[PDB]
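**Q** What follows is a single structure, and I will ask about it in a moment.
Protein chains: 4
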Amino acid sequence: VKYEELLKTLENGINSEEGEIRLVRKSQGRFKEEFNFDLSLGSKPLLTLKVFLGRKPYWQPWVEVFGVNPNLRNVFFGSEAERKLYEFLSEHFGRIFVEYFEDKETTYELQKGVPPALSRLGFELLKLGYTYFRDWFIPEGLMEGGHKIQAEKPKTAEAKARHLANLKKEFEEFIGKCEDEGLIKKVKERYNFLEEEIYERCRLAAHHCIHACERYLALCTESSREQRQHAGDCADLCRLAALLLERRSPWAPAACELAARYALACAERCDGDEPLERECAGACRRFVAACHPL
Amino acid sequence: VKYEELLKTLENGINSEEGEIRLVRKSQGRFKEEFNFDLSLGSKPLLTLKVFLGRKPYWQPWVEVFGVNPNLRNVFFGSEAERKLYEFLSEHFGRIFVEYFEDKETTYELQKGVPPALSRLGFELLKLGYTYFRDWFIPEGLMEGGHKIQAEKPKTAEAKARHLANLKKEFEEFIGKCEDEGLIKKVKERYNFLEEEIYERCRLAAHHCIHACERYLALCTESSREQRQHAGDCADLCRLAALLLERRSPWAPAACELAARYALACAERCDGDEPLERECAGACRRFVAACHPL
Amino acid sequence: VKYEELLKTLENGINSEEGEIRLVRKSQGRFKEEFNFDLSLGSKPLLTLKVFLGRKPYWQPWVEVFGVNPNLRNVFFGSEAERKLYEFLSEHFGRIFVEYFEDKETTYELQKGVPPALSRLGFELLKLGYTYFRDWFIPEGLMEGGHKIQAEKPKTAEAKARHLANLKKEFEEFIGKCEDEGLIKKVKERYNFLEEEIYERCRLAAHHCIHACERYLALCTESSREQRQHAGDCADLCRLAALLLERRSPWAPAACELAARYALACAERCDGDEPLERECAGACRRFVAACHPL
Amino acid sequence: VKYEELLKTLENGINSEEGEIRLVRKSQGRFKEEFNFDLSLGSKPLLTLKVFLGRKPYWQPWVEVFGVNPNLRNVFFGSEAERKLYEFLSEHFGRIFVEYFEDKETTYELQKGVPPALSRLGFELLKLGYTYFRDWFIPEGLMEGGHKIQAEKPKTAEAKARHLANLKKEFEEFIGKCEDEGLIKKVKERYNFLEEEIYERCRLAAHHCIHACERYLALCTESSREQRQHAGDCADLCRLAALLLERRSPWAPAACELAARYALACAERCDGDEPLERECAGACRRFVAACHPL
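Just so you know, the sequences run in chain order A, B, C and D.
At position 153 of the first sequence the residue is numbered 278 (the numbering used here), and the sequence of numbers has no breaks.
At position 222 of the second sequence the residue is numbered 347 (the numbering used here), and the sequence of numbers has no breaks.
At position 232 of the third sequence the residue is numbered 357 (the numbering used here), and the sequence of numbers has no breaks.
At position 77 of the fourth sequence the residue is numbered 202 (the numbering used here), and the sequence of numbers has no breaks.
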C-alpha cells in the first residue's frame, strides 16, 4: 500500500502558491521496487523523483529528487512548493537525496564550506527532522551523479543527539573559518532556530524524567537508600536544569552537563525489572541524550 | 584597651552550671606584654592563664591555660565551664595552648594515636574555629609544662581548607590503625559533627546569598539583563545546592562547586556602589568561601 | 572488477587444514547486483554465499553466508576454514550476515544472553574489525532464515569507540546476570583478548610514531626549535606510554591520553611538504586514533 | 652562643667593594632577648639592626634592618655590601624585616603593584631561600613603623612549594595588569631566574624518587602486585618528567602534573613501617611538592 499512498497523493496533486505540483508520467526503475516519477509545476515540467519502496530488512527506503528544470530554478528553490513537497516526502522516507546543481544559493554556500545541514536547502530538511548529512561533491568519474545532499532521520534518540552535537562542532568550526558577515549572519539565524528546538526538547525530557523519578521513589518501596537519594537528587537536578531552559539562560548548558552525569548515574543504578524502574532509567536516559548537543 | 576588655570580663565573672569563674590574682609575667591570671571555680582554685596581648607585626597574640586544679579535673574537663571559657578566649586569641595533664580522657586518646583536633579537649577548640593543631609531649627544653595542645585559627580559606583536608587524612589513617570500637565510635561521632558544621555554614551562606540576589534583581531596576541573568541564575543555583545540603546528600558538594563558580561570576559582575549590589556581591562571596572546605 | 576479484579467489580455492573451499556453482540472485555462491569443503557441500557488490551511494555492499551443511557443522564452526573464509570476506565487505543455526555453541550462547560480539561466532568477526552487531532471532517477516548475526565495520573512530564502549556495558551486565562459570570464563577470555588487540595496536602505532619523530628532528635540518621541541617531547611521551602498554599497566591509558594530545599538537605543527614531515605528522595521527578506543 | 656568633662576626667586620661594614655601637632592647646593632659603612653610618635571638618554642627569632642613612641610599641598595649583609643574616634568621623607604626602586615597584618577592629588594631575599612575603604599607596610625617587607624561610618542603605556587599566581596577575614594558621586563627577568631554581629542584626530587622506587620494588619482596606496579610506573613517570626538565621544555608542567598524581598515589599506597617504604613514600612526596609551583 506504500506505493499507492504515494501514487494517489501525487495524482491528487500538491497545491502551493507557486502552482500545483502534479504527476506527469511514471515508469518502472532499475529494480523491482524502484520507480521514476516525473513532476510538473502547473503545466511546466519540474523535476523527477526516483523512489525506493524498501525491502526489509537489508534495504532501506529512500527518495531522490533530481533533474530540476533550470528555467524554474529561481522560482522553485526557497518556495512553499519546495516546502510542501518535502513535507510530503518526510512522511514516507527516512532517507533523502537532492540534486543541488540548480540551487545557486546552496551550491555557493556548500562551496564556501557551510555544513550541509545549515545550507539553505539542507536547512529545509533539518526542519523536518532529518539529522544526518553528507555532501557529495566528488564524482570525479568514480560515482555517477555526484552532486547531491544526503539526509537521514535519526535511528534513535541517541543518534539524533549524536548528530546535533556533531553539527554544533561543524557550525563553530565554520564560523571561525568564515570571513563573510552576510553568509555568517544567515547561517547563525538558521542555527539559532535549531537551538530553540533543542532547548525545548531538554525541557520536556527533563520533566518526563522528573515525573518518572518522583513516581519511582514514591511508589517503589523495595529500593535502597542510595537509590532513594539517586532518584531524589536527579529529580531536582532536572528541575534546576529545566528552570534555566525556560528562561533560555546562557549558563544552561553548564547545568545540563552536571544533571546529565547524575541522570546517567541514576539510570544505571536504579534500572531493574519493575515497570517503575523501566521507565525511570528510561526517562533518565532520554534526558541525558537531550543535553548532548549542548 | 585590648587588656581591659579581658580584665573587665574576668572581674565580672563568667557563670556556668559547674560554678562561676572569677579572677583571683593577676601578676606581671616574664615580659612586658606577658601576664599571669589565676582563676577560681566558685570559691575553689581552678587554673592559671598565661596571656600575650601581642605586638604587631612580629608577635602574634596567644593564651596559655595551665595549672589546672587536679581535684576539679573531673568536674571541669568536659563541662560548660570549660566551654564558656574557651568561647570567651576564642574572641581574643588566634593561638592557644592547653595543658592536658589533668585531662585523663584527652591524655589516653592522644596516647592511642588520635589526631589532636579529634581529642576530647581538641574537639572543643576545633568547634571554635581553631584548625591548626600541634601536640606537645616533649617539653623540648625551653618550654615549661611540656604536655600541651597548641591550636591556631587559619590564616586564609586556603589554609583552612588545607588544614581540614589534612585532618581528613589523619582521621582515616587513625580509623584503620585503632582496635578500640568504643574509641572509634566517639571519634567518628566528633568527625561527623565537623562535617555538619561546615555544611550548616554552607546552608546558611547559601540562603543569605539567595536573598541578596533576589532583592537585587527585584529592587535594583537600573541594571543590565546580563546582570538580571547573573543574579537570577545564581539564585537558583544556590537554591539547588541548598536543597542537597538540606537533605545532606552525597552529591551536595558537586552542586556547591558549580554554584560557587557563577556566584563568583555574579559577584564580580554585579558589584557596585549601591547597597543592593554591595550586599549582593558580598553575600555571594560569603557562600563561595563557605564551599571551599568541601 | 570488484566481482572478479571475488570469482578469481573462490575459483582458485581457499586452503585450510579442514579442507579446501572451492566454488561449486554461481547463480543470479533476485537483483542485478545480487549473486548466489555455492561452496564445497573438499568434495562435500559446505554453504551458500549471498553477496551484494554495492551500488554507491545508496547501497552499502554486504555478504550473507547461509545454507551451512548440517553434517559438517561440528567440523567447520571454530575451524581455520571458518577463519580463512571470514579473513577473505572482511577484505571486501563492511557488512556481513551469518546464519548460526548450525552453530550450536553460538546458539546456546546467544540464548543465555551473551552479547552477539562476544559469542563464539561473533568473536571471530569482532577479531576482523567488525564492531557493530545485531542478533536476528525474528525473521521479521521479509527476511529468509531469521536466525542470523549482522556485523558492520565502524563508520569512524568515534563510531568504533562508541561501539566498544557499548559492548563494555553489555559485557559487565552479562557477567552479573549469568550463573555459568564455564560460560563466564570463556567470555572473559575473549574480552581480555579484545583489550589486548587494542593495546597491541597502541603499542605498534606508538613505535611507528616515535620513529617518525626521531627521523624528523634528526634528518630534517630546516625546522624551528619549537618543532624540534614538538617532535622531541612527543617522541618521549610516546616512549613513556609505550612502556606502560608493554608491561600492560592499568595507568597506561592515562599516559596515552596525554601523549595523544601533544602528538596531535606535533602533527598539526610539523606537517609539511617534505617526506619527513609527511610521515611524521602521519604516524602521529595513527597513534592518536589508536588511543581513542581507550 | 647564638648572640656571640653575631657579635663576633660584626666586630670582625664584613668586607665589600662598597666598603667594610663594621659595628658602631650595641644596646639592650625592649626585652631581655632583644638587642640593637648600629652599623657603619666604612666610616659613615649605615643602618640599624634590631635582633631577637629567640626563645623556643613560642618565640621565633627574627632580624629587622632599618634606619638606613639616606645619603647612602643610592650606594647601598643594589650593592654587594647589601648582598653580603643578607648572606650573613640568612645564616642566622628564618624571619626578616627590611625598611624600604630609602629604596626608590623597590618603593616605586611596590607602589605599582609588583609582588613583594619580585621587587628589587625582595628578589635579593628570595635568592637566599626566603619564600613567604608580606608587604606592610599600611601604618595609618594603627601600627608604628609600617613600611617594611617581611620575608620568611619555608617551614617545610610543602610550605616552600605552597609559597612558590602562590607567587606564580601573583606574578601572572601582575603581568596582565601592568602596562610598563620596562617594569615588566625586569620582573620577568627576575621571575625566570626563579623558574630555573624550581625546575632543577624537580630534577633532583624526581631522581631521589626514582632511585627510591627502584630500591623499593627490587628489595622489598613482601609487597603487592598493585604495589610493584605503583612504584614501577611512578619510577618511569618521574623519568619522563625528569627528561623534560633537563631540556627545559615548555610541555614539562603538563607531565609533572600527571607524574605528581601517581607519585601521590604511590606514596599513600606503598607507605609502611619498613625503612624501604618509609623513604619510598617519602621521596615520592618530596617530588609531588616540587611540581606544585608548575
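Where is the CB? At the ideal position from N, CA and C, for every residue including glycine.
If you drop the 5 nearest sequence neighbours on each side, which residues of the same chain put their C-beta closer than 6 Å to that of residue 199 (chain A)?
**A** none
**Q** Just to confirm, are residue 355 (chain C) and residue 391 (chain C) a CB contact at a threshold of 8 Å?
**A** Against a cut-off of 8 Å, the Cβ pair of residue 391 (chain C) and residue 355 (chain C) comes out as a contact.
**Q** Going by Cα to Cα distance, which pick from C:419, C:135, C:211 is closest to residue 286 (chain C)?
**A** Cα-wise, what sits closest to residue 286 (chain C) is C:419.
**Q** Going along the chain, which residues of the segment 367-384 of chain B sit with their C-beta nearer than 8 Å to a C-beta in chain A?
**A** 368, 369, 372, 374, 375, 376, 379, 380, 383
**Q** By the 10 Å Cβ neighbour count, where 16 or more other Cβ atoms means buried, how is residue 326 (chain D) classified, buried or exposed?
**A** buried
**Q** Could you tell me if residue 305 (chain C) is buried or exposed, where buried requires 16 or more neighbouring beta carbons within 10 angstroms of its beta carbon?
**A** exposed
**Q** Could one say the Cβ of residue 324 (chain C) lies closer than 8 Å to chain D's Cβ atoms, at least one of them?
**A** no
**Q** Is there at least one Cβ from chain A nearer than 8 Å to residue 243 (chain C)'s Cβ?
**A** In terms of beta-carbon proximity, residue 243 (chain C) stays away from the interface with chain A, with every pair separated by 8 Å or more.
**Q** Is it the case that the segment 249-269 of chain D contacts the segment 191-211 of chain D, given that we only count it when at least three CB pairs across the two stretches are under 8 Å?
**A** yes
**Q** Please give the ranges of any alpha helix (DSSP H) in the segment 212-239 of chain A, keeping only runs that are unbroken, at least 4 residues long and fully inside the region.
**A** 229-236
**Q** Looking at residue 163 (chain B) and residue 176 (chain B), is the spacing between their C-beta atoms short of 8 Å?
**A** no
**Q** Determine, using beta carbons only, whether residue 221 (chain B) and residue 276 (chain B) come nearer to each other than 8 Å.
**A** yes
**Q** Please go through the segment 171-212 of chain C and give each complete beta strand (DSSP E) segment of 3 or more residues, from N-terminal end onward.
**A** Counting whole runs of 3 or more residues, the segment 171-212 of chain C contains the beta strand (DSSP E) stretches 187-191.
**Q** For residue 258 (chain C), which three-state DSSP category applies?
**A** strand
**Q** Mind checking which residues open and close the beta strand (DSSP E) that includes residue 149 (chain B)?
**A** 146-153
**Q** Give the range of the beta strand (DSSP E) segment to which residue 159 (chain A) is assigned.
**A** 159-166
**Q** Can you list, in chain order, the residues of its chain with a C-beta nearer than 7 Å to that of residue 243 (chain A)? Leave out the 5 residues immediately preceding and following it.
**A** 296, 312, 315, 316
**Q** Alpha carbon to alpha carbon, how far is residue 188 (chain D) from residue 263 (chain D)? Give it in angstroms, no decimals.
**A** 20 Å
**Q** How many angstroms separate the CA atom of residue 365 (chain D) from the CA atom of residue 362 (chain C)?
**A** 7 Å
**Q** Listed in chain order, which residues of the segment 384-402 of chain C have Cβ atoms closer than 9 Å to some Cβ of chain D?
**A** 386, 387, 390
**Q** Chain D beta carbons: is any one of them nearer than 8 Å to that of residue 299 (chain B)?
**A** Not closer than 8 Å to any Cβ of chain D, the Cβ of residue 299 (chain B) fails to qualify, so no.
**Q** With 16 as the cutoff for other CB atoms within 10 Å, does residue 234 (chain C) come out buried or exposed?
**A** Residue 234 (chain C) should be labelled buried.
**Q** With distances taken Cα to Cα, identify the nearest neighbour of residue 126 (chain C) among C:144, C:166, C:179.
**A** C:179
**Q** To test your reading of the DSSP string, which unbroken alpha helix (DSSP H) runs of 4 or more residues are found completely within the segment 267-321 of chain C?
**A** Fully enclosed alpha helix (DSSP H) runs of 4 or longer: 282-302.
**Q** Measure from the C-beta of residue 365 (chain D) to each C-beta in chain C and report whether the shortest distance is under 8 Å.
**A** yes
**Q** Going along chain B in order, which residues have a C-beta closer than 9 Å to the C-beta of residue 358 (chain A)?
**A** Residues of chain B whose Cβ lies closer than 9 Å to the Cβ of residue 358 (chain A) are, in chain order, 368, 369, 372, 374, 375, 376, 377, 380.
**Q** Indicate, with yes or no, if the ligand ATP has a heavy atom lying under 7 Å from the CB of residue 348 (chain C).
**A** No copy of the ligand ATP occurs in the structure displayed, which carries no ligand at all.
**Q** Identify the contact partners of residue 410 (chain D) in chain B, using a Cβ-Cβ distance below 8 Å as the criterion.
**A** Per Cβ cutoff of 8 Å: no residues; residue 410 (chain D) is ~12 Å from chain B at best.
**Q** Whose CA, out of C:368, C:399, C:416, C:377, lies closest to the CA of residue 388 (chain C)?
**A** Of C:368, C:399, C:416, C:377, the residue nearest in Cα terms is C:416.
**Q** On the DSSP letters alone, give me the boundaries of the alpha helix (DSSP H) that residue 398 (chain C) sits inside.
**A** Element bounds for residue 398 (chain C): n/a, residue is neither H nor E.
**Q** Looking only at DSSP bridge pairs, what is residue 139 (chain A) linked to?
**A** A:146
**Q** If I measure Cβ to Cβ from residue 229 (chain C) and keep anything under 6 Å in the same chain, skipping five residues before and after, which residues do I get?
**A** none
**Q** By the criterion of Cβ-Cβ separation under 9 Å, what are the contact partners of residue 354 (chain D) in chain C?
**A** 372, 374, 375, 376
**Q** Return helix, strand or coil for residue 127 (chain A), following the three-state DSSP convention.
**A** helix
**Q** Looking only at C-alpha atoms, which of D:131, D:413, D:342, D:341 sits nearest to residue 217 (chain D)?
**A** D:131
**Q** Taking the straight line between their C-alpha atoms, what separation do you get for residue 375 (chain A) and residue 260 (chain D)?
**A** So the alpha carbons of these two residues sit roughly 41 Å apart.
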